[PDB]
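Peer 1: Would you mind keeping the following structure in view while I ask a few things?
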Amino acid sequence: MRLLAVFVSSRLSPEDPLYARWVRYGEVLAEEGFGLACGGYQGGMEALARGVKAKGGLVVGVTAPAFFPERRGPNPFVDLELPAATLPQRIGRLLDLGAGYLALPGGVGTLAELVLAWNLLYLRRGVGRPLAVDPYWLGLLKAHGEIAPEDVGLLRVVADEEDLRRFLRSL
């Protein structure tokens, strides 16, 4: 089985319209034959996990307990927990788990994951895997100095469930 690693907001509230959209994204990736690799906590991670479980898919959660003692453990929808001790280690595990990556809206932590995956594609040596981003990120990541338009062009865009299915089908 293959997994889609998703990076997303940890603070997203269930009442936020995006929460419901990500639950649907979870259902869709499961329907497309994929499982989910995520940070294993709340916000968008739980929204995605709920959708995947609703469709019988598998959810892997790469947690970081040392950094969040306040977070009792992975959300209820995580099947396998893979606790990481450092941020680079956590990110490295998510990247190695997924056949492709999707960066949904989030903060600095989500950006860290996005940029490391981007970095692998940027090396242009056949390392890493396809990376898609929600349009949200293009409002921030743009050509600038040594970051060329072509580098930004390595980022694929997934704005809705149809884009998501096409992305997954290309992995």
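A note on labels: chains of the structure tokens are A, B, ... as shown, every chain counts residues from 1, and ligands are counted from 1 in their shown order.
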Neighbours of residue 66 in chain A within 10 Å (only C-alpha atoms; same-chain residues fewer than 4 positions away dropped), as a PyMOL selection string?
Peer 2: chain A and resi 70-71+83-86
Peer 1: Just the selected residues (C-alpha atoms), exported as an mmCIF file, in the first residue's frame, please.
Peer 2:
data_model
loop_
_atom_site.group_PDB
_atom_site.id
_atom_site.type_symbol
_atom_site.label_atom_id
_atom_site.label_comp_id
_atom_site.auth_asym_id
_atom_site.auth_seq_id
_atom_site.Cartn_x
_atom_site.Cartn_y
_atom_site.Cartn_z
ATOM 1 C CA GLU A 70 0.363 18.492 26.611
ATOM 2 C CA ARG A 71 -0.881 16.365 23.702
ATOM 3 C CA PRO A 83 6.989 8.946 17.486
ATOM 4 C CA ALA A 84 9.873 11.213 16.453
ATOM 5 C CA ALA A 85 12.370 12.854 18.829
ATOM 6 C CA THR A 86 13.347 15.909 16.744
#
Peer 1: Near residue 32 in chain A, counting only C-alpha atoms, which residues have an atom at most 8 Å away, once you skip same-chain residues fewer than 5 positions from it, shown as a CSV table (one decimal) with C-alpha atoms, in the first residue's frame?
Peer 2:
chain,number,residue,atom,x,y,z
A,165,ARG,CA,-7.6,12.8,-7.5
A,168,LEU,CA,-2.9,10.9,-6.7
A,169,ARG,CA,-3.5,9.1,-10.0
Peer 1: For range 98-100 of chain A, list every protein, DNA or RNA residue within 7 Å, evaluated using only C-alpha atoms, and leave out those in the same chain fewer than 5 positions away; present the list as a list in words.
Peer 2: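 My list of contacting residues is residues 2, 3, 4, 5, 37, 129, 130, 131 and 171 of chain A.
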Peer 1: Identify, on the basis of only C-alpha atoms, every residue whose closest approach to residue 72 in chain A does not exceed 12 Å; exclude the query and any residue fewer than 3 positions from it along the same chain; express the result as a PyMOL selection string.
Peer 2: chain A and resi 40-42+63-69+75-76
Peer 1: Nearest residue to residue 13 in chain A out of A:115, A:45, A:27, A:128, using only C-alpha atoms?
Peer 2: A:45
Peer 1: Report, in Å to a single decimal, how far apart CA of residue 108 in chain A and CA of residue 145 in chain A are.
Peer 2: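 If I compute the distance from CA of residue 145 in chain A to CA of residue 108 in chain A, I get 21.1 Å.
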Peer 1: Set the distance at 9 Å and use only C-alpha atoms: which residues neighbour residue 21 in chain A once local chain neighbours fewer than 5 positions away are removed? I'd like the list as an MDAnalysis selection string.
Peer 2: chainID A and resid 26 47:48 160:161
Peer 1: Tell me, which residues of range 92-144 of chain A carry DSSP strand (DSSP E), written as a PyMOL selection string?
Peer 2: chain A and resi 98-103+131-133
Peer 1: Select, from A:12, A:23, A:28, A:62, the residue with the minimum atom-to-atom distance to residue 43 in chain A, counting only C-alpha atoms.
Peer 2: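 Of A:12, A:23, A:28, A:62, the one nearest residue 43 in chain A, counting only C-alpha atoms, is A:12.
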Peer 1: Name the residues in contact with residue 101 in chain A at a cut-off of 12 Å, using only C-alpha atoms, excluding same-chain residues fewer than 4 positions from it; report them as a PyMOL selection string.
Peer 2: chain A and resi 2-8+29+34+36-38+91+94-97+110+113-118+120-121+128-134+155-158+164+167-168+171
Peer 1: At a cut-off of 8 Å, can you tabulate as a Markdown table every residue of range 68-96 of chain A near range 51-59 of chain A together with its closest atom pair and the distance in Å to one decimal, using only C-alpha atoms and ordering rows by chain then number?
Peer 2:
| residue | atom | partner | partner_atom | distance |
| --- | --- | --- | --- | --- |
| A:77 | CA | A:53 | CA | 6.6 |
| A:78 | CA | A:59 | CA | 5.0 |
| A:79 | CA | A:59 | CA | 5.2 |
| A:80 | CA | A:59 | CA | 6.6 |
Peer 1: Give me a file of those residues, with N, CA, C and O atoms, as a PDB file, in the first residue's frame.
Peer 2:
ATOM      1  N   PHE A  77      -8.087   8.443  15.331  1.00  0.00           N
ATOM      2  CA  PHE A  77      -8.136   7.854  14.004  1.00  0.00           C
ATOM      3  C   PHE A  77      -6.793   7.392  13.443  1.00  0.00           C
ATOM      4  O   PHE A  77      -6.715   6.949  12.296  1.00  0.00           O
ATOM      5  N   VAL A  78      -5.739   7.494  14.247  1.00  0.00           N
ATOM      6  CA  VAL A  78      -4.417   7.058  13.814  1.00  0.00           C
ATOM      7  C   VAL A  78      -4.273   5.569  14.108  1.00  0.00           C
ATOM      8  O   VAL A  78      -4.520   5.123  15.232  1.00  0.00           O
ATOM      9  N   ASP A  79      -3.887   4.798  13.097  1.00  0.00           N
ATOM     10  CA  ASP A  79      -3.711   3.359  13.270  1.00  0.00           C
ATOM     11  C   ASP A  79      -2.327   3.021  13.794  1.00  0.00           C
ATOM     12  O   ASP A  79      -2.173   2.212  14.722  1.00  0.00           O
ATOM     13  N   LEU A  80      -1.315   3.649  13.208  1.00  0.00           N
ATOM     14  CA  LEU A  80       0.051   3.371  13.610  1.00  0.00           C
ATOM     15  C   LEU A  80       0.742   4.652  14.023  1.00  0.00           C
ATOM     16  O   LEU A  80       0.722   5.641  13.281  1.00  0.00           O
TER      17      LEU A  80
END
Peer 1: Counting only C-alpha atoms, which residue out of A:49, A:123, A:159, A:30 sits closest to residue 105 in chain A?
Peer 2: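 Ranked by minimum distance to residue 105 in chain A, first place goes to A:159.
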Peer 1: So, counting only C-alpha atoms, which residue among A:44, A:33, A:153, A:107 is closest to residue 18 in chain A?
Peer 2: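 Using only C-alpha atoms, residue 18 in chain A sits closest to A:44.
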Peer 1: Just to confirm, what's the straight-line distance from CA of residue 10 in chain A to CA of residue 122 in chain A in Å (one decimal)?
Peer 2: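 Interatomic distance here is 26.6 Å.
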Peer 1: As an exercise, work out the distance from CA of residue 19 in chain A to CA of residue 137 in chain A in Å and give it to one decimal place.
Peer 2: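 A separation of 17.2 Å between them.
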